[PDB]
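A.B. asks: I'd like to ask some things about the structure below.
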Amino acid sequence: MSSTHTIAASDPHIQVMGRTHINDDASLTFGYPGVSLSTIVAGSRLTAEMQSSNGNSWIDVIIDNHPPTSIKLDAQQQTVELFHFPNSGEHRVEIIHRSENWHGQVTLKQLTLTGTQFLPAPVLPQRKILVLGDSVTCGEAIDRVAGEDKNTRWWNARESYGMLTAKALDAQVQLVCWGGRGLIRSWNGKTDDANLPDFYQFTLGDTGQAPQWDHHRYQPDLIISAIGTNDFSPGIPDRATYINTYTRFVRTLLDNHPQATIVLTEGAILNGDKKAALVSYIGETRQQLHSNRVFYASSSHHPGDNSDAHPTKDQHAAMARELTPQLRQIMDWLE
């Protein structure tokens with residue numbers, strides 16, 4: 001007999017890495033980039049019911065070891081074919097959110113397998129990393145192509161330095177980042193957007209009605225904070241103000257994640273005086289913290305290219321190569 005088997009997105013057969021909101025109909029909604037949902041199945045066809053809030057969100061779909069397929073999701077619910085073969089076999093399926101919150105939020109409602117069964121969920125690594133930051137952490141402009149107007153297709157989470165670093169360290173990762181945002185102000189000088197200490201609390205979104213992320217749902221071994229580019233965009237911010245708020249934020253992290261090691265870094269975009277100032281502010285933050293759980297990693301500036309100052313795909317690869325060795329020493333993950 002031919003049979004189908006449909007499960008909700010929130011079902012134990014679907015592995016989830018990254019922040020998701022569980023809706024009352026057992027669908028999952030997510031906004032941060034890098035959110036990864038995976039399943040292993042025995043069958044010939046697998047489809048998903050998906051939608052995005054603004055029709056401006058992208059995902060990657062990876063079947064077994066094949067090249068990924070990037071798909072832009074319509075604002076209306078649509079059946080998305082993940083794979084289809086003439087015969088049944090065992091297949092691994094991964095969906096990766098490429099977009100970030102301002103692009104919209106994506107919802108996966110349910111999956112339908114034509115075949116025999118969903119197998120046990122893919123097993124994730126034991127090690128867990130959380131990366132906090134701005135659009136560089138979010139993977140903005142990694143997939144740029146010369147000649148195109150920037151659009152939401154340019155974002156790539158899998159090839160961002162945070163995901164490459166986690167992969168090298170055999171670790172899970174959550175990316176909690178928002179383009180244009182800072183620790184205390186946005187690139188445009190505005191101080192009353194949700195800053196990093198605000199959106200760090202949200203499962204997705206950033207309005208008065210954004211759902212609170214329960215930290216018990218992901219307790220990282222390592223937290224990297226790479227925030228700062230946008231705080232320095234208008235000019236170098238006031239030293240006491242910045243250091244006092246960075247200190248207060250890392251105190252929140254330390255208290256929320258009692259087992260975590262925290263690594264602060266200025267990121268790749270700032271250069272020259274602005275870079276040196278943020279490095280300085282980080283050193284003084286650490287001095288005020290007096291914590292044997294808080295460390296620093298140095299990094300190079302990467303200039304982007306003629307089309308966009310955001311670091312390129314090859315620069316993100318370089319960034320992971322520079323950061324990873326320092327993280328091994330800090331975490332004793334000499335692996």
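Numbering starts fresh at 1 for the residues of each chain in the structure tokens, the chains themselves are lettered A, B, ... in the order given, and ligands are numbered from 1 as they appear.
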Identify, on the basis of only C-alpha atoms, every residue whose closest approach to residue 133 (chain A) does not exceed 12 Å; exclude the query and any residue fewer than 4 positions from it along the same chain; express the result as a PyMOL selection string.
C.D. replies: chain A and resi 32-33+137-140+161-162+174-183+195-197+199-200+223-231+264-268
A.B. asks: Restrict the selected residues to N, CA, C and O atoms and save them as a short mmCIF file (atom, residue, chain, number, x, y, z; two decimals), in the first residue's frame.
C.D. replies:
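Heads up, here's the output in out.cif:
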data_model
loop_
_atom_site.label_atom_id
_atom_site.label_comp_id
_atom_site.auth_asym_id
_atom_site.auth_seq_id
_atom_site.Cartn_x
_atom_site.Cartn_y
_atom_site.Cartn_z
N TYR A 32 15.25 34.61 13.58
CA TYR A 32 16.72 34.76 13.55
C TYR A 32 17.32 33.92 12.43
O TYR A 32 16.78 32.89 12.08
N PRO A 33 18.45 34.36 11.85
CA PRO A 33 19.04 33.55 10.76
C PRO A 33 19.73 32.30 11.36
O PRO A 33 20.02 32.28 12.57
N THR A 137 27.10 39.07 11.91
CA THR A 137 26.70 37.80 12.55
C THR A 137 25.48 37.21 11.83
O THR A 137 25.33 35.97 11.73
N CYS A 138 24.60 38.09 11.32
CA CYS A 138 23.41 37.64 10.62
C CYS A 138 23.69 37.16 9.19
O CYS A 138 22.77 36.71 8.56
N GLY A 139 24.89 37.34 8.68
CA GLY A 139 25.27 36.84 7.36
C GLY A 139 24.87 37.75 6.21
O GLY A 139 24.75 37.31 5.07
N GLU A 140 24.62 39.02 6.51
CA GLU A 140 24.24 39.95 5.44
C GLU A 140 25.28 40.07 4.29
O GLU A 140 26.48 40.20 4.54
N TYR A 161 30.47 33.54 9.43
CA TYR A 161 31.56 33.14 10.27
C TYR A 161 31.07 32.38 11.51
O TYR A 161 31.75 31.45 11.98
N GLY A 162 29.90 32.77 12.04
CA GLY A 162 29.37 32.14 13.27
C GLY A 162 29.04 30.66 13.02
O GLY A 162 29.40 29.80 13.83
N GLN A 174 23.35 29.07 18.06
CA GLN A 174 22.25 30.02 17.78
C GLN A 174 22.86 31.37 17.42
O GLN A 174 23.85 31.80 18.05
N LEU A 175 22.29 32.00 16.40
CA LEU A 175 22.66 33.38 16.04
C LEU A 175 21.55 34.30 16.59
O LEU A 175 20.34 34.08 16.31
N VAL A 176 21.92 35.30 17.41
CA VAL A 176 20.92 36.23 17.98
C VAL A 176 21.49 37.59 17.63
O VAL A 176 22.37 38.10 18.31
N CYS A 177 21.02 38.14 16.51
CA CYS A 177 21.68 39.29 15.88
C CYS A 177 20.59 40.06 15.14
O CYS A 177 19.54 39.50 14.80
N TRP A 178 20.85 41.34 14.89
CA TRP A 178 19.87 42.17 14.17
C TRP A 178 20.64 43.22 13.40
O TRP A 178 21.38 44.04 14.01
N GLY A 179 20.49 43.24 12.09
CA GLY A 179 21.20 44.25 11.30
C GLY A 179 20.91 45.69 11.72
O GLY A 179 19.76 46.06 12.01
N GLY A 180 21.95 46.52 11.69
CA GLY A 180 21.81 47.94 11.99
C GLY A 180 21.75 48.28 13.48
O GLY A 180 21.84 49.46 13.82
N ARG A 181 21.65 47.26 14.35
CA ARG A 181 21.49 47.45 15.79
C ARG A 181 22.82 47.43 16.56
O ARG A 181 23.79 46.85 16.08
N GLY A 182 22.83 48.10 17.72
CA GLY A 182 24.03 48.17 18.57
C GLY A 182 23.73 47.76 19.99
O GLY A 182 22.59 47.33 20.32
N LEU A 183 24.74 47.91 20.84
CA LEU A 183 24.59 47.69 22.25
C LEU A 183 23.73 48.82 22.87
O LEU A 183 22.86 48.57 23.74
N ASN A 195 17.77 47.45 21.33
CA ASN A 195 19.23 47.25 21.25
C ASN A 195 19.55 45.79 21.57
O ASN A 195 18.65 45.04 21.91
N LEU A 196 20.81 45.39 21.46
CA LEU A 196 21.18 43.98 21.71
C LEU A 196 20.64 43.48 23.07
O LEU A 196 20.07 42.42 23.14
N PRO A 197 20.77 44.28 24.16
CA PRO A 197 20.27 43.72 25.42
C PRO A 197 18.75 43.48 25.43
O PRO A 197 18.29 42.67 26.25
N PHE A 199 16.76 42.76 22.29
CA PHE A 199 16.36 41.64 21.42
C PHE A 199 16.96 40.32 21.83
O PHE A 199 16.46 39.27 21.43
N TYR A 200 18.03 40.35 22.61
CA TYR A 200 18.58 39.12 23.18
C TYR A 200 17.51 38.38 24.00
O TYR A 200 17.60 37.16 24.22
N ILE A 223 29.51 31.85 24.69
CA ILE A 223 28.78 32.97 24.15
C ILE A 223 29.80 33.94 23.54
O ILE A 223 30.73 34.39 24.20
N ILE A 224 29.61 34.26 22.27
CA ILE A 224 30.49 35.26 21.64
C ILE A 224 29.69 36.51 21.49
O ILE A 224 28.61 36.46 20.89
N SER A 225 30.20 37.65 21.96
CA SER A 225 29.49 38.90 21.70
C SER A 225 30.33 39.73 20.74
O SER A 225 31.44 40.13 21.09
N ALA A 226 29.82 39.97 19.53
CA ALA A 226 30.50 40.67 18.44
C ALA A 226 29.71 41.95 18.09
O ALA A 226 29.72 42.40 16.92
N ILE A 227 29.11 42.60 19.09
CA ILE A 227 28.28 43.79 18.83
C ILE A 227 29.20 45.00 18.81
O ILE A 227 30.34 44.94 19.34
N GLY A 228 28.75 46.10 18.20
CA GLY A 228 29.53 47.32 18.25
C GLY A 228 29.60 48.17 16.99
O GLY A 228 29.60 49.39 17.10
N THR A 229 29.68 47.55 15.80
CA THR A 229 29.81 48.33 14.56
C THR A 229 28.80 49.49 14.55
O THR A 229 29.16 50.64 14.25
N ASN A 230 27.55 49.21 14.85
CA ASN A 230 26.53 50.26 14.64
C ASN A 230 26.59 51.34 15.71
O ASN A 230 26.23 52.50 15.45
N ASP A 231 27.01 50.97 16.92
CA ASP A 231 27.20 51.97 17.96
C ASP A 231 28.22 53.03 17.55
O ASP A 231 28.17 54.18 18.01
N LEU A 264 34.36 38.35 24.13
CA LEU A 264 33.97 39.61 23.54
C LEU A 264 34.89 39.90 22.37
O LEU A 264 36.09 39.62 22.43
N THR A 265 34.34 40.46 21.31
CA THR A 265 35.18 40.82 20.17
C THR A 265 34.60 42.05 19.48
O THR A 265 33.38 42.26 19.51
N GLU A 266 35.44 42.89 18.88
CA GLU A 266 34.96 44.12 18.24
C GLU A 266 34.34 43.90 16.86
O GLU A 266 33.76 44.79 16.29
N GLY A 267 34.55 42.73 16.29
CA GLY A 267 34.01 42.47 14.96
C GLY A 267 34.92 42.94 13.83
O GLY A 267 36.01 43.54 14.05
N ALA A 268 34.48 42.68 12.61
CA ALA A 268 35.32 42.86 11.43
C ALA A 268 35.16 44.17 10.68
O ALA A 268 35.98 44.46 9.81
#
A.B. asks: Report as a JSON list (two decimals) with N, CA and C atoms, in the first residue's frame all protein, DNA and RNA residues lying within 9 Å of region 20-25 of chain A, evaluated on only C-alpha atoms, omitting residues in the same chain fewer than 3 positions from it.
C.D. replies:
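So the final result, stored in result_11.json, reads:
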[["chain", "number", "residue", "atom", "x", "y", "z"],
["A", 8, "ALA", "N", 3.30, 17.56, 12.83],
["A", 8, "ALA", "CA", 3.47, 19.01, 13.07],
["A", 8, "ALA", "C", 4.95, 19.39, 13.11],
["A", 9, "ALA", "N", 5.24, 20.67, 12.86],
["A", 9, "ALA", "CA", 6.60, 21.15, 12.91],
["A", 9, "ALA", "C", 7.22, 20.95, 14.32],
["A", 10, "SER", "N", 6.38, 21.14, 15.33],
["A", 10, "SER", "CA", 6.72, 20.80, 16.68],
["A", 10, "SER", "C", 6.27, 19.35, 16.81],
["A", 16, "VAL", "N", 15.57, 20.71, 16.03],
["A", 16, "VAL", "CA", 15.52, 22.15, 15.85],
["A", 16, "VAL", "C", 16.74, 22.72, 16.52],
["A", 17, "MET", "N", 17.47, 23.53, 15.78],
["A", 17, "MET", "CA", 18.61, 24.24, 16.37],
["A", 17, "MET", "C", 18.36, 25.72, 16.07],
["A", 28, "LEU", "N", 5.88, 25.97, 14.04],
["A", 28, "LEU", "CA", 7.01, 26.75, 14.58],
["A", 28, "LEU", "C", 7.19, 27.98, 13.74],
["A", 29, "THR", "N", 7.46, 29.08, 14.44],
["A", 29, "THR", "CA", 7.76, 30.34, 13.76],
["A", 29, "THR", "C", 9.14, 30.82, 14.22],
["A", 30, "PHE", "N", 9.90, 31.36, 13.28],
["A", 30, "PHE", "CA", 11.23, 31.82, 13.59],
["A", 30, "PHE", "C", 11.64, 33.01, 12.75],
["A", 31, "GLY", "N", 12.56, 33.80, 13.33],
["A", 31, "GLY", "CA", 12.99, 35.04, 12.70],
["A", 31, "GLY", "C", 14.52, 35.18, 12.63],
["A", 32, "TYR", "N", 15.25, 34.61, 13.58],
["A", 32, "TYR", "CA", 16.72, 34.76, 13.55],
["A", 32, "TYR", "C", 17.32, 33.92, 12.43],
["A", 35, "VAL", "N", 18.47, 29.35, 11.98],
["A", 35, "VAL", "CA", 17.54, 28.39, 12.58],
["A", 35, "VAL", "C", 17.47, 27.21, 11.60],
["A", 109, "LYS", "N", 4.55, 24.75, 9.21],
["A", 109, "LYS", "CA", 3.35, 24.22, 9.92],
["A", 109, "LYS", "C", 3.37, 22.70, 10.12],
["A", 203, "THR", "N", 12.26, 35.72, 21.45],
["A", 203, "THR", "CA", 12.40, 34.55, 20.61],
["A", 203, "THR", "C", 12.51, 34.93, 19.13],
["A", 204, "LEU", "N", 11.71, 35.93, 18.75],
["A", 204, "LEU", "CA", 11.77, 36.51, 17.40],
["A", 204, "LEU", "C", 11.07, 37.86, 17.48],
["A", 211, "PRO", "N", 7.53, 37.57, 21.69],
["A", 211, "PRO", "CA", 7.63, 36.52, 22.70],
["A", 211, "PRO", "C", 8.99, 36.49, 23.41],
["A", 213, "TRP", "N", 12.02, 34.76, 25.07],
["A", 213, "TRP", "CA", 12.80, 33.54, 24.96],
["A", 213, "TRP", "C", 13.16, 33.01, 26.35]]
A.B. asks: Could you give me, as a PyMOL selection string, the residues within 8 Å of residue 163 (chain A), counting only C-alpha atoms and dropping anything in the same chain fewer than 6 positions from it?
C.D. replies: chain A and resi 34+157+173
A.B. asks: Could you save the residues just selected, with N, CA, C and O atoms, as a PDB file, in the first residue's frame?
C.D. replies:
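In the end it all went to out.pdb:
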ATOM      1  N   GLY A  34      19.880  31.254  10.555  1.00  0.00           N
ATOM      2  CA  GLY A  34      20.597  30.046  10.981  1.00  0.00           C
ATOM      3  C   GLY A  34      19.732  28.993  11.690  1.00  0.00           C
ATOM      4  O   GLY A  34      20.233  27.894  12.012  1.00  0.00           O
ATOM      5  N   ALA A 157      23.261  32.241   5.978  1.00  0.00           N
ATOM      6  CA  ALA A 157      23.610  31.907   7.369  1.00  0.00           C
ATOM      7  C   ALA A 157      24.670  30.802   7.438  1.00  0.00           C
ATOM      8  O   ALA A 157      25.609  30.883   8.245  1.00  0.00           O
ATOM      9  N   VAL A 173      24.883  25.996  17.193  1.00  0.00           N
ATOM     10  CA  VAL A 173      24.977  27.434  17.306  1.00  0.00           C
ATOM     11  C   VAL A 173      23.592  28.051  17.237  1.00  0.00           C
ATOM     12  O   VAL A 173      22.729  27.602  16.461  1.00  0.00           O
TER      13      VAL A 173
END
A.B. asks: With distances taken over only C-alpha atoms, which of A:168, A:40, A:106, A:96 is nearest to residue 55 (chain A)?
C.D. replies: A:106
A.B. asks: Report, in Å to a single decimal, how far apart CA of residue 301 (chain A) and CA of residue 271 (chain A) are.
C.D. replies: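 Spanning CA of residue 271 (chain A) to CA of residue 301 (chain A) is a straight-line distance of 6.1 Å.
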A.B. asks: Here is a test: counting only C-alpha atoms, which residue of A:292, A:77, A:219, A:105 is nearest to residue 260 (chain A)?
C.D. replies: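 Counting only C-alpha atoms, the residue closest to residue 260 (chain A) is A:219.
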A.B. asks: Record the distance separating CA of residue 47 (chain A) and CA of residue 125 (chain A), expressed in Å with one decimal.
C.D. replies: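 If I compute the distance from CA of residue 47 (chain A) to CA of residue 125 (chain A), I get 26.4 Å.
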